[PDB]
Amino acid sequence: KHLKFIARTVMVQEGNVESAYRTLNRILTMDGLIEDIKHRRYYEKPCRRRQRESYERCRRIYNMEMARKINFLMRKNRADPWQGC
Amino acid sequence: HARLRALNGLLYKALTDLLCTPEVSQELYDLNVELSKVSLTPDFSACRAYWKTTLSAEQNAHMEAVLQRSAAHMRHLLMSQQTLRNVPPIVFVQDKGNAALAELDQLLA
Amino acid sequence: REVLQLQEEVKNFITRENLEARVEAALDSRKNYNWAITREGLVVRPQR
Amino acid sequence: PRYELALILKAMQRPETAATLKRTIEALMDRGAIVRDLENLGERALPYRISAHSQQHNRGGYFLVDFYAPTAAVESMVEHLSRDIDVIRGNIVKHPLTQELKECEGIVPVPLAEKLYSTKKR
Amino acid sequence: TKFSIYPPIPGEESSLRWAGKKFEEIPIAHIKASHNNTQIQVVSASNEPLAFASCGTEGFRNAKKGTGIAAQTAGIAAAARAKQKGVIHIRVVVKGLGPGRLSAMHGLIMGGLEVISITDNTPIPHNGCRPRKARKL
Amino acid sequence: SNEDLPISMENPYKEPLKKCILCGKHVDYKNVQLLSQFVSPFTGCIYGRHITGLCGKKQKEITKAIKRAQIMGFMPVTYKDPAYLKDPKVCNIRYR
Amino acid sequence: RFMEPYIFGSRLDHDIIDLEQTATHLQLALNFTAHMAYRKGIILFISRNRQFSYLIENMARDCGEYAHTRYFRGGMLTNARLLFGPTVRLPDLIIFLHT
Amino acid sequence: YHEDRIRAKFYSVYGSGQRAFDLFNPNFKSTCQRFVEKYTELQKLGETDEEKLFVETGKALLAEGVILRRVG
RNA sequence: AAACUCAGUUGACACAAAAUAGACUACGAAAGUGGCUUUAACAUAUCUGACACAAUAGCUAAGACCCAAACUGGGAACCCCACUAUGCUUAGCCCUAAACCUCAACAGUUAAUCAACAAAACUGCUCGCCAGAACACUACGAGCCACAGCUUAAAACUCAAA
RNA sequence: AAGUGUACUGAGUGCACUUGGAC
Ligand code: FES
Ligand SMILES: [Mg+2]
Ligand SMILES: [Mg+2]
Ligand SMILES: [Mg+2]
Ligand SMILES: [Mg+2]
C-alpha cells in the first residue's frame, strides 16, 4: 500500500550495475533484512530464538571487551626500551 | 554415502548464499570468494570448503587469512539458520586443479 | 493560579455560538508541528 | 479527561470539509465532549494508500480536534468516526500536553555490564 | 551537478530524462529470483507486459535452471523481445535471492537494454504466515 | 585545630552529565520531520540506541512516537520520507 | 586493600601515601638495615624494574652488599643449598626496591 | 579544599590559559593560584557574595596585570 | 520423483501472526507479557505463615481456518507433496513441565574464605521438605473424576551399594 | 545433541520448555 520504487531503490551510477547492486546488498545487510529473510525461511522456536539471542549478545560483549583489551595493550609492543637487561 | 553427498550439496548451496552478501563481513564480501565444492569428512568431524584461488599470490594469502578468520562466524550463521542442526568445524582449502587446464590451453594455443 | 488561568482559556474555547466562525478560521489557518534537531540539539524550525 | 482526535478527512472542497467538521463536532458534543480547539494541518498525500468505505485515497486533510469528554464517550466517538464515510481515518489519544515532561538530568554513566559473568575464583 | 542515488520524486520537475522519457515513464523489469527459478518481465509504465522470460522458457531444466548462464540467457531473450517491442531503457526491480539474481541483469544488459535504476522489492513479512519447520539431513 | 585538613565536600571538578540531544525536549508523534531523523532512509527500520546515541527514555519515546505515527498515517513505514532526506544527519551510520 | 591504612587519601582518583607514616616506616627500615650492616649481615637488594636494574646493581656494588635484579630462578632461596652449595650463607636481610 | 571550588570555577571561565605548570618548582604559583589567593583575601575583606567575589577578583587581577584570557 | 495447470505484474483483500525498536532488561506472585488507541488497573503490614491462578499439551459445544502440523496417504523413520486433529474466538473443563536463577520468605553482615563445581561466604528468624538404592511418578485405599487418567502413596522380596 | 511435560503412531514425530551441549 506504499509508493513503489522509493524503498530499497538505488540509482545506478554511470551504469556500474555491479557497484550499485553491491551497495544495495550492503544496505540490506546493514539494516539486517537479509538476516530476517534467511532466518524466516524456517521457524525458530521461541526457546531457540531466546538462546540464540543470549548467545549473540554474550559473544558481542566478549568480542568488544577482547578487542578493547587488545587495543589498550598494543601500545606496549614497542621495541624494548631497556634491551640488554 | 548418499547422506554425505546430500549434506555436501546443501552445505555448498548454503555457503554460496552466505558469501553472496556482506552478512559474514564486508571485508569478506569485497573479496568475492567463489567456492569450488564442499566435502564432509566420513566421520562428520570436519567440512572442507574448496574455494577457487586467483593468480595474485598476495590476494590469495589475504583471502585465505580472511576465510580462516571468518570460518567460525560462518559456522555459527549456518547453525543459526538451521540449514543443518549441527555443523562440524569449517576448514577452507585452496583449490588449484584448474591451473593445469589453464596452462595447457596456454601452451596448446 | 491554575484555575485562574483556566478561566481565561475557557473564554477562547469552542462553543456552538462561535462554532462556524472558529471552524472557518481554523480552515484558513494552518498549524505546524514538524521540526528537526541538529547534532547539537538546535531546533530547526521549517520555513513555509 | 483531555483527549486529542487526529482526523484524516477525504480531500475535497471547502464547503464539504466544513460540513464534515461541523458534523463531527456535533457528534462530539452529543457524546458530551467539551470541544477545546480545532487545528488544521492542511492537505497532503497520505504516507501509504488507505482504504475506507469501499474506496481508497492517497490525499487527505489532517486535523486535530482537542477536547475534553467523559471517559465513556471515547468508545461512542470511535464508533461514530468509523461509521462516518468522509473520515479517511480517525484516532483518539490522551492529549500529549496532559503528560508531564519529567526532567532528565541527562545520560547517566554506563558501567560495565551488570554481572554478565561470574565472580567466583575462575 | 553531483550525482544522487535516491530515486527521483514522482510528480516532481526532475530535469533527468532518458530519450526524453521521465523516470516514472520508464518500463519496469521485474526480476523474481527464487531458489529454483528466475523469471523476468519487462512491462510498460502502465504495466503492459512487453516481454517475459524464464529459465523454463529458455529450456534449462530442473537444476540447470539455477545457473548464472541460464539467467544470462533469460535476460538476453527478454532483452531481444523488449528491443523488438521498442524498449531501450529499463528500471530493474528484483525480489528473492535466487542465484541468477545478478546474472539476469548481466544477460539483460548483454541483450542490450540500459538499466537505469536497480531496485529491491523482497517480500519480507513483518509477522504473518508461520514458516515451515527446518529440514534435517 | 589545623587549617590544612582536607574538607568533606562534593566534587567541584565533576562535569555535568552529557545530556542526550533530545533530553529536556519533548518528543511528539506528529513531528515526522524529527522522527524521520531516527529511521533508516532505505528501509524505514528503527535505529537502535547504539546508533542513535539516545538514552533509554528518549529512545523508547522515539520508538513509541514512530509506531504511533506509522499506524495513524503520519509517517511512511518502509522508508524515510524523501522530504526529510536533507535534514541533519543525527545517526552514526556509514552506508557510504 | 591492605595499603588503605598507609594511603593518606585520594586526589582525583589518585592515591596519596601518608608521608608521616612513610617517614616513620622509613626511619624504622633504615635503622634496621643499618643495624644489619653493622652486624655484618648479608644484605640483598631485589627489584625486577628493568628501568632501575642498572642503578640498583651499581648501588649494591658501591655499598658492597649484593643485588639480584634479573629473572628470579625458582627456589634460589628455598633450594639455595642445592643451587649454590651446602655451605652457602643466605642473605641476612633483603630489600625489595620493587615488590 | 575550599579553594577547589575557586579553582574549578576559574578553569571553567578561563581555562588553563598559557602559564604552563612548572611542576618542579615547589614554590611555583600559577594564574589559578594567584586567583585563589586574591579571592581569599577579597573574602577576608568582608565581602561575602560568591559571584561578586569572583568577578571582583577577576577585575582586581586584571588591574594587577594578569591576562585572564577567557576560555569561552 | 510425486503432485497442480498453473505461473508473473497490477488491484481488491483476515476472526491468522505481531520485523525493526530489542546491543533495551521493564511489568507481573507464578505461568507469562515486546503492533496501535482508549477505558479499568498493578493488595498490604512498615515480618513469616493453608481459596485464586497455573505455559505447551488434552477434552466438551459452536465458530474461524491464511499458515504451520502429530496421524494418514502418495512419491525415493529420516527427505518431497496434500491434507486432519491441534495451534485461533467464545463458554467450560484437566492441573501437569528441566513450572529452573535447579539457589524458599524476611532482616542483616563482609567480620574472619573454603569439600569440588555452580550464582563469593555467612548470621538471625519462620514455614515446607529428606532420612541408602530399587521395588515405585508403582499396588491397595481415598479424592478429582464420570472411566482413562492426575494427586496422595505403600509393603514384601533383593543389595552393599546407589 | 540431551532431557522435562504432553498427544498420536510404532522408536519417531507434533507443541512448549531447560542447558544438566557446540558455534
Ligand atoms: S538523556 Fe535526559 S531525557 Fe534523554
Ligand atoms: Mg503473609
Ligand atoms: Mg503454597
Ligand atoms: Mg493450563
Ligand atoms: Mg485444522
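- Per the PDB entry, chain H is named 28S ribosomal protein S23, mitochondrial, and its organism is Homo sapiens.
- As deposited in the PDB, this entry carries the title "Assembly intermediate of human mitochondrial ribosome small subunit (State A)".

- The PDB entry lists chain A under the name 28S ribosomal protein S21, mitochondrial, with Homo sapiens given as the organism.
- According to the UniProt record, the Sequence similarities comment for chain A is "Belongs to the bacterial ribosomal protein bS21 family."

### Let's talk about the protein's contact with RNA strand I
1) Next: If you check the shell around RNA strand I, you find 52 residues, and the closest are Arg57(A), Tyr3(D), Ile92(D), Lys95(E) and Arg130(E).
2) Next: The protein-proximal atoms of RNA strand I, defined as those within 4 Å of the protein, are 80% sugar or phosphate.
3) Next: Between RNA strand I and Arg130(E), the relevant distance is 2.4 Å, taken from a sugar or linking oxygen to a main-chain nitrogen or oxygen of the residue.
4) Next: Take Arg1(G): an N or O atom from its side chain is 2.7 Å from a phosphate oxygen of RNA strand I.
5) Next: Taken together, the elements giving at least two residues each to the surface near RNA strand I come down to α2 (33-40) and α3 (46-74) of chain A, β2 (34-51) and β4 (87-94) of chain D, β1 (28-33) and β2 (38-43) of chain E together with α2 (49-52) and α3 (56-72) of chain F.
6) Next: Looking at the surface near RNA strand I, the element that brings in the most residues is α3(F), giving 8 residues.

### Considering the protein's contact with RNA strand J
1) Next: Around RNA strand J there are 16 residues in total, and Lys45(A), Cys47(A), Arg48(A), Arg50(A) and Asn86(B) lie nearest to it.
2) Next: Looking at RNA strand J alone, sugar and phosphate atoms form 65% of those within 4 Å of the protein.
3) Next: A distance of 2.5 Å separates a phosphate oxygen of RNA strand J from a polar side-chain atom of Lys45(A).
4) Next: Between RNA strand J and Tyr55(A), the relevant distance is 3.4 Å, taken from a sugar or linking oxygen to a side-chain nitrogen or oxygen of the residue.
5) Next: Going through the elements one at a time, α3 of chain A together with α3 (57-81) of chain B are the ones with two or more residues in the surface near RNA strand J.
6) Next: Sorting elements by how many residues they give to the surface near RNA strand J places α3(A) first, with 6 residues.
7) Next: Considered class by class, the residues forming the surface near RNA strand J number 6 nonpolar, 3 polar and 7 charged.

### Some points on the interface of chain A and chain E
1) Next: Contacts between the two partners involve 22 residues from chain A and, on the opposite side, 35 residues from chain E.
2) Next: When the two sides are added together, the surface that chain A and chain E hide from each other amounts to roughly 2,800 Å², 68% of it contributed by carbon and sulfur.
3) Next: The interface formed by chain A and chain E holds 0 salt bridges in total.
4) Next: At the junction of chain A with chain E, the criterion picks out 8 residue pairs in polar contact.
5) Next: Listing elements by their share of the side of chain A that touches chain E, those giving two or more residues are β1 (9-10), α1 (17-31) and α2 of chain A.
6) Next: Among the elements that take part in the side of chain A that touches chain E, α1(A) stands out by supplying 6 residues, more than any other.

### Looking at the interface of chain E and chain B
1) Next: Across the boundary between the two partners, chain E contributes 5 residues, which contact 8 residues of chain B.
2) Next: For the pair chain E and chain B, the two sides together bury roughly 520 Å², of which 66% comes from carbon and sulfur.
3) Next: Ranking the residues of chain E by area buried against chain B places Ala134(E), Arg135(E) and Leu137(E) at the top, with a combined share of 77%.
4) Next: There are 0 salt bridges connecting chain E and chain B.
5) Next: Inspection of the chain E/chain B interface yields 0 residue pairs in polar contact.
6) Next: In terms of residue class, the side of chain E that touches chain B is made up of 3 nonpolar, no polar and 2 charged.

### Description of the layout of surface pockets
1) Next: Volume-wise, the second largest pocket comes out at about 1,400 Å³.
2) Next: Lining the second largest pocket are 44 residues, with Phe3(E), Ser4(E), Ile5(E), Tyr6(E) and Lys86(F) positioned closest to its centre.
3) Next: Elements that contribute at least two residues to the lining of the second largest pocket include exactly α1 of chain A together with β5 (114-120) of chain E.
4) Next: When grouped by side-chain class, the residues that make up the lining of the second largest pocket number 25 nonpolar, 8 polar and 11 charged.

### Topic: empty space enclosed by the protein
1) Next: Applying the stated criterion to the full structure yields 2 cavities of 30 Å³ or more.
2) Next: By volume, the largest cavity is sized at about 110 Å³.
3) Next: Split by residue class, the lining of the largest cavity holds 10 nonpolar, 1 polar and 1 charged.
4) Next: Taken as a whole, the second largest cavity encloses approximately 30 Å³ of empty space.
5) Next: Forming the walls of the second largest cavity are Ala6(D), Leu7(D), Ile8(D), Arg89(D), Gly90(D), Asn91(D), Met72(F) and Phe74(F).
6) Next: Secondary structure elements with two or more residues in the lining of the second largest cavity: β1 (2-10) and β4 of chain D.
7) Next: Broken down by class, the residue content of the lining of the second largest cavity amounts to 5 nonpolar, 2 polar and 1 charged.

### Details of the state of the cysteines
1) Next: Here the structure, examined in full by the defined rule, presents 0 disulfides over all chains.
2) Next: Here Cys45(F) stays unpaired: no disulfide links it, and the sulfur of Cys91(F), its closest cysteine neighbor, is 13 Å away.

### Focus on the pairing of strand β2 (residues 47-52) of chain B
Residues and elements named next belong to chain B.
1) Next: For strand β1 (residues 35-40) and β2, the ladder comprises 5 bridges, and the chain directions are antiparallel. Within β2, the residue paired with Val38 across the bridge is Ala49.
2) Next: What sits between β1 and β2 in their antiparallel hairpin is a turn of 6 residues, with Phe44 showing a positive phi close to 70 degrees.
3) Next: Strand direction decides the pairing type here: β2 and strand β3 (residues 90-95), joined by 6 bridges, are parallel. Directly across from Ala49, in β3, lies its bridge partner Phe92.
4) Next: The parallel pair β2 and β3, bridged by α3, forms a crossover whose chirality is right-handed.

### Some words on a nonpolar patch on the surface
1) Next: A grouping of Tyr62(A), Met66(A), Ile70(A), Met74(A), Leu116(D) and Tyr117(D) is seen on the molecular surface, where their side chains present a nonpolar patch of about 620 Å² in accessible area.
2) Next: By the secondary structure assignment, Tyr62(A) is in helix α3.

### Some remarks on the pairing of strand β2 (residues 14-17) of chain G
Two faces, one strand: in a regular strand the side chains alternate between the faces of the sheet.
All names here are of chain G.
1) Next: Pairing of strand β1 (residues 7-11) with β2, which is carried by 4 bridges, proceeds in the antiparallel orientation. Its bridge partner lying in β2, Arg11 is registered against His14.
2) Next: Counting the residues that bridge the hairpin from β1 to β2 gives 2 residues, and of these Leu12 lies at a positive phi of roughly 55 degrees.

### Description of the sheet that holds β2(B)
All names here are of chain B.
1) Next: In space, the 3 strands of this open sheet follow the order β1-β2-β3, with mixed pairing throughout. The sheet is open, and its two borders are formed by β1 and β3, each paired with just one other strand. Strand-to-strand twist across the sheet, computed as the mean angle between neighbouring axes with direction ignored, equals 25 degrees.
2) Next: Its contacts with the sheet place helix α1 (residues 2-19) against β1, β2 and β3, and it is angled at close to 140 degrees to β1.

### Focus on a positive patch on the surface
1) Next: Judged by side-chain charge, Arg41(A), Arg48(A), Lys13(B), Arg85(B), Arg132(E), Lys133(E), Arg135(E) and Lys136(E) come together as a positively charged surface patch.
2) Next: Note that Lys13(B) resides in helix α1.
3) Next: With a relative accessible area of 58%, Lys13(B) lands in the exposed category.

### Focus: the packing of aromatic side chains
1) Next: Taken as a whole and judged by the stated rule, the model has 14 aromatic pairs over all chains.
2) Next: A ring pair is formed by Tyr6(E) and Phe42(F), whose centres lie 5.5 Å apart and whose planes are at 35 degrees; its orientation type is tilted. Taken together, the positions of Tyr6(E) in the segment before β1 and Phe42(F) in the loop between α1 (32-35) and α2 put the pair across two chains.
3) Next: Arranged with centres 5.9 Å apart and planes meeting at 45 degrees, the rings of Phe21(H) and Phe28(H) form a pair that is tilted.

### Observations concerning unusual backbone geometry
All names here are of chain D.
1) Next: At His53, a residue that is not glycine, the phi angle is positive and equals roughly 60 degrees.
2) Next: Position of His53 among the secondary structure elements: in the loop between β2 and β3 (56-68).
3) Next: A positive phi angle, near 50 degrees, is found at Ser54, a position not held by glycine.
4) Next: By the element assignment, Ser54 lies in the loop between β2 and β3.

How each quantity is defined
- Residues numbered from 1 in each chain as written, not as in the entry; some residues may be left out.
- Chains lettered and ligands numbered in written order.
- Part of a larger assembly, values for the part shown.
- Heavy atoms only, no water.
- UniProt positions renumbered as here; feature names shortened; annotations may be inferred.
- Near = heavy atom within 4 Å.
- Polar contact = N/O pair within 3.5 Å; in protein donor to acceptor, adjacent residues only side chain to side chain.
- Helix = DSSP H or I, 4+ residues; strand = E, 2+ residues; numbered from the N terminus.
- Nonpolar A, V, L, I, M, F, W, Y, C, P; charged D, E, K, R; others polar.
- Contact = heavy atoms within 4.5 Å.
- Buried area = accessible area lost by both parts, 1.4 Å probe.
- Salt bridge = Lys/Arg side-chain N within 4 Å of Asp/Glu carboxyl O.
- 1 Å grid on protein atoms, 1.4 Å probe; cavity = no way out; pocket = protein on both sides within 12 Å on 5 of 7 lines; lining within 4 Å.
- Points joined across faces, edges and corners; volume = space filled by probe spheres on them.
- Disulfide = S-S within 2.5 Å.
- Pairing = 2+ DSSP bridges.
- Right-handed = clockwise from strand over helix to strand, strands pointing away.
- Patch = residues over 30% accessible without salt bridge, like charges linked within 9 Å, V, L, I, M, F, W, Y side chains within 5 Å.
- Areas by Shrake-Rupley, 256 points an atom, 1.4 Å probe, with all protein chains shown as cover.
- Axes fitted to C-alpha atoms, helices over the stretch in contact; angles between N-to-C directions.
- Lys, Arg positive; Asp, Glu negative; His and termini not counted.
- Charge placed at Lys NZ, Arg CZ, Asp CG, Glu CD.
- Buried < 20%, exposed > 50% of the residue type's maximum accessible area, 1.4 Å probe, protein only.
- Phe/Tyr/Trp six-rings, centres within 6.5 Å; stacked < 30°, edge-to-face > 60°.

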